[PDB]
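S.K.: Below you'll find the sequence and an experimental structure to go with it.
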Amino acid sequence: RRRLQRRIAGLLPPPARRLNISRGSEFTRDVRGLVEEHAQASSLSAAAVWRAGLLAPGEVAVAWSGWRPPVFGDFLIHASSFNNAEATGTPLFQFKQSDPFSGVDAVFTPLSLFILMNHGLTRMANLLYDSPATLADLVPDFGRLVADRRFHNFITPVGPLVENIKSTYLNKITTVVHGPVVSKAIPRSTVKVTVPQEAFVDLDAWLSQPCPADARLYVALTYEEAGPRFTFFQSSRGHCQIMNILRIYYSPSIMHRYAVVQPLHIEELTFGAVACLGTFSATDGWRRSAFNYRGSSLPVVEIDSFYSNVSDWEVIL
Amino acid sequence: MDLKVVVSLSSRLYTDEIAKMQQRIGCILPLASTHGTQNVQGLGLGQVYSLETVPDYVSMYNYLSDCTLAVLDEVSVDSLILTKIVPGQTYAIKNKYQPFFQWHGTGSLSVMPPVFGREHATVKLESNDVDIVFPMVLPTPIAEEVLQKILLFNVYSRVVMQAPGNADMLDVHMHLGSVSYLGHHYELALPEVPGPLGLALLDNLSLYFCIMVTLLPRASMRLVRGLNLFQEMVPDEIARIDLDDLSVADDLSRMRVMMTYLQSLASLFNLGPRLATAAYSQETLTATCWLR
Amino acid sequence: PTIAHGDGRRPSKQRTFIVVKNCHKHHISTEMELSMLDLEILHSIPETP
């Protein structure tokens, strides 16, 4: 009954949320304990681990805040299939391979996906990948898998890259599949998801009341007449709205697909699919930039502060 | 923040019960409550997938989407210490299911109620008279294909027990007897004799689906007369100019029951409690997943 | 122990090997005669030299 007191005194304390500040010039111990957050990294010493508290269970606590650590999904890829000059924050799209026991993976950035679709944006695609044939056999039968319009249920978005070690023959990437996208380096710095500007469109800008707490990034494969395209939507609504909103936005191209060809078949009838990619702050995100290569540059959409959270593929019609 | 749901047994187990349980030390099962101790009668799918009543996919799926789920961790002789899945954290599950569908990394897992026979997913406990039924956990594209192929097998068995002049029993079996995903070519255990007057699994879902697509064409006719020309070129016109006069009470009743049978079915083909994996390592048959 | 590899490989964790070694027993037995006459002589006590 007193052992329970000493135990419940340790299991009691929630983090002190409010605090009576007196003067901002004071910077006393209470406000430092409010602003201090423990790191996921320290040097391998006894004092550094025992002060950073790396061995704490569940979270990192020196010796439940709305903060959870992320989860990494590491893939091993053919090093020719992934141009290593790409930045940290680019959304990768792992193709579910038809090989039964293959331990090698086939990820795609959307730039590498563009030369897969078609076979400035095209200039940076062909400068980043001089070879449209070593990716045309990663998918073994692209013409069949698109001509029966089942390409959307084979591509699993795995969120953005965070760290990529450049090995020579078989490349190892570390992505973030779910949660808060943040770097793991010895100086920690911010990671920003970069999507190409010509591919990225907006949805509040296309429509031109309330402000939400977060906006959700959407990816959208769609089967047109001239091949598939990977547009990237950003929306601040909910999903069940966005299905009807993109049905309105594609209601031109739905009539165009029924018009320029008549679907005598039955597997052609789907018109793309959309999958949520996660939430970011709806206020100051997607500040544009340009991704500078050795000789050229494409304009890029640099979404800061991503919470990666993949959803599944829902058809559009 | 602790998660140990230690369910206690009244009468302690034998050795062979522990021998069956230690081969399912990584599967998940639905609880009844999220409380610190429980009894055995709240565990996985006993009360709804019992052997004494006719079972149906609908109420099993509703109960499975209803309550909390829980991977099991330890099996003592008289207690089953386990942990429940909250959406805040991520867990380590194992594919120890008797229809062994090979998982993959960064795949999405569907917690399905068992279709492949009760005896494939059970731990028949004798010391306590309980049947811990474990729910089927298998990847979502395989879940979709196995639902389509158990459903069409149900409809096609029912029409050939309706009349043998409909179809041939090998022709339904040499297509729907196998599920294919990434080259892993499995074979499905099919109950070739389900028995008439229902009394079997997947009748209530098949009855729902067949009543839905029966009420479908006049529903489409009513909802295109209510409102254009593109919508009147994709279907054939014999489904367009069919009746144009039904009694309004029966029309409203048919449309309402079609709407309920559509919304339950469409909520059902979304597989409910869906889990999303990160790094499935089949050297130890471990998948790392979270509640999605 | 394990070597930290920089390149792209699946990292092998803490490995620890448990191996058991059992004993072998060996039985040995020879047989030796002894007559009954000198056993009776052992049971007897002599008088004459």
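M.R.: Good, I have the coordinates. Numbering: from 1, shown residues only, chains lettered A, B, ... in the order given.
S.K.: Skipping adjacent residues, who's closest to the residue of the stretch 51-200 of chain A found nearest chain C in space?
M.R.: Distances between the stretch 51-200 of chain A and chain C by C-beta to the nearest C-beta are smallest at residue A:172, namely 3.1 Å. (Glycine included, C-beta is placed from N, CA and C.) With C-beta to C-beta, 6 or more residues apart in numbering or on different chains as the criterion, residue A:172 has its nearest non-adjacent residue at 3.1 Å, and that residue is residue C:8.
S.K.: what about the residue in the stretch 101-250 of chain B positioned nearest to chain C, how many neighbours?
M.R.: In the stretch 101-250 of chain B, no residue comes nearer to chain C than residue B:105, which is 11.6 Å away by C-beta to the nearest C-beta. For residue B:105, the neighbour count with other C-beta atoms under 10 Å in any protein chain shown is 22.
S.K.: again, but for residue B:75
M.R.: Neighbours of residue B:75 (other C-beta under 10 Å): 20.
S.K.: For chain C, which segments count as helices?
M.R.: C:36-43 (DSSP state H).
S.K.: surely residue A:132 meets residue A:115?
M.R.: Yes - counting by C-beta atoms under 8 Å, residue A:115 is a contact partner of residue A:132 at 4.8 Å.
S.K.: Can you pick out the residue with more neighbours from the two?
M.R.: residue A:115 (20 against 14).
S.K.: Report the secondary structure state of that one.
M.R.: helix (DSSP: H, G, I helix; E, B strand; the rest coil).
S.K.: any idea how far it is from chain B?
M.R.: Counting by C-beta to the nearest C-beta, to the nearest Å, the gap from residue A:115 to chain B is 23 Å.
S.K.: Restrict stretch A:255-275 to CA atoms and write it as CSV.
M.R.: The C-alpha coordinates for stretch A:255-275 follow below in CSV (Å, rounded to 0.1, in the frame of the first residue of the first chain):
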residue,chain,number,x,y,z
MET,A,255,-16.5,11.2,-71.7
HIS,A,256,-13.2,11.5,-73.6
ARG,A,257,-12.3,7.9,-72.8
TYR,A,258,-15.8,6.7,-73.7
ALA,A,259,-15.7,8.9,-76.9
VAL,A,260,-12.3,8.4,-78.6
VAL,A,261,-12.6,4.6,-78.1
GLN,A,262,-15.7,2.5,-77.4
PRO,A,263,-15.1,-0.1,-74.7
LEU,A,264,-16.4,-3.2,-76.3
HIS,A,265,-14.4,-5.1,-73.6
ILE,A,266,-15.2,-5.2,-69.9
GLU,A,267,-11.8,-4.9,-68.2
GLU,A,268,-11.2,-1.5,-69.9
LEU,A,269,-14.1,0.1,-68.0
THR,A,270,-12.2,1.4,-65.0
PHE,A,271,-10.8,5.0,-65.2
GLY,A,272,-7.8,5.1,-62.9
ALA,A,273,-7.7,5.0,-59.1
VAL,A,274,-6.6,7.3,-56.3
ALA,A,275,-4.8,6.5,-53.1
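S.K.: wait, does it make contact with chain B?
M.R.: Yes - residues of stretch A:255-275 contacting chain B under C-beta under 8 Å from any C-beta of the partner chain: A:255, A:258.
S.K.: shared neighbours, residue A:132 and residue A:115?
M.R.: Shared contacts of residue A:132 and residue A:115, defined by C-beta atoms under 8 Å, 6 or more residues apart in numbering or on different chains, comprise residue A:126.
S.K.: What are the buried residues along stretch B:190-198?
M.R.: Residues B:190, B:191, B:194 are the ones in stretch B:190-198 that count as buried (16 or more other C-beta atoms under 10 Å in any protein chain shown).
S.K.: near chain A, which of the residues you listed show up?
M.R.: The subset of those within reach of chain A, by C-beta under 8 Å from any C-beta, is empty.
S.K.: Let me have those residues in CSV, extended by distance to residue B:183.
M.R.: Shown next, in CSV, are those (distance: C-beta to C-beta, whole Å):
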residue, distance to residue B:183
B:190, 22
B:191, 27
B:194, 31
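S.K.: Out of those, which is nearest to chain A?
M.R.: Using C-beta to the nearest C-beta, these come closest to chain A at residue B:190, 23.8 Å.
S.K.: so the closest one touches residue B:172, yeah?
M.R.: No - counting by C-beta under 8 Å, residue B:190 stays clear of residue B:172, with 9.2 Å between them.
S.K.: Overlap in contacts, these two.
M.R.: residue B:153.
S.K.: what does chain A put close to chain B?
M.R.: So chain A meets chain B at A:58, A:64, A:68, A:71-75, A:94, A:96-100, A:153, A:156, A:158, A:177-178, A:255, A:258, A:310, A:312 (C-beta under 8 Å from any C-beta).
S.K.: circling back: my read: the residue of the stretch 51-200 of chain A closest to chain C touches residue A:73, true?
M.R.: No - Residue A:172 sits out of contact with residue A:73 when judged by C-beta under 8 Å, with a separation of 11.9 Å.
S.K.: Please say which of the two ends up with more neighbours.
M.R.: Taking other C-beta under 10 Å, residue A:172 and residue A:73 do not tie; residue A:73 has more neighbours (23 against 20).
S.K.: hmm, who's touching the strand or helix carrying the more buried one?
M.R.: Element membership for residue A:73, per DSSP states H and E: strand A:71-78. Under the criterion C-beta under 8 Å, 6+ apart, residues A:92, A:94, A:103-107, A:134, A:138, A:158, A:162, A:170-179, B:90, B:105-106, B:278-279, B:288, B:290, C:8, C:10 lie in contact with strand A:71-78.
S.K.: Tell me which entries of those residues lie within strands.
M.R.: Of these, the ones assigned to strands by DSSP state E are A:92, A:94, A:158, A:162, A:170-179, B:90, B:288, B:290.
S.K.: Just the buried subset of those, please.
M.R.: Buried among those (16+ other C-beta under 10 Å): A:92, A:94, A:158, A:162, A:171-173, A:175-179, B:90, B:288, B:290.
S.K.: Go ahead and confirm residue B:182 touches residue A:102.
M.R.: No - with contact defined as C-beta under 8 Å, residue B:182 does not count as touching residue A:102 (9.1 Å).
S.K.: Give me the phi and psi for residue B:163.
M.R.: phi -150, psi 130 (degrees, to the nearest 10).
S.K.: Also residue B:255?
M.R.: phi -70, psi -40.
S.K.: Distance of the spatially closest residue to it that is not a sequence neighbour relative to residue B:238?
M.R.: If the residues on either side of it in the chain are set aside, residue B:255 comes closest to residue B:219, at 6.0 Å by C-beta to C-beta, 6+ apart. Separation of residue B:219 from residue B:238 (C-beta to C-beta, to the nearest Å) stands at 16 Å.
S.K.: who has more neighbours, these two?
M.R.: Applying other C-beta under 10 Å to residue B:219 and residue B:238 shows that residue B:219 carries more neighbours, namely 18 against 8.
S.K.: host element of the more buried one?
M.R.: According to DSSP H and E, residue B:219 maps onto helix B:204-225.
S.K.: do residue B:174 as well
M.R.: Assessed by DSSP H and E, residue B:174 sits inside helix B:169-176.
S.K.: Ok, residue B:80 next?
M.R.: Using DSSP H and E, residue B:80 falls within strand B:79-84.
S.K.: ok, residue B:211 - contacts?
M.R.: Contacts of residue B:211 (C-beta under 8 Å, 6+ apart): B:257, B:258, B:261.
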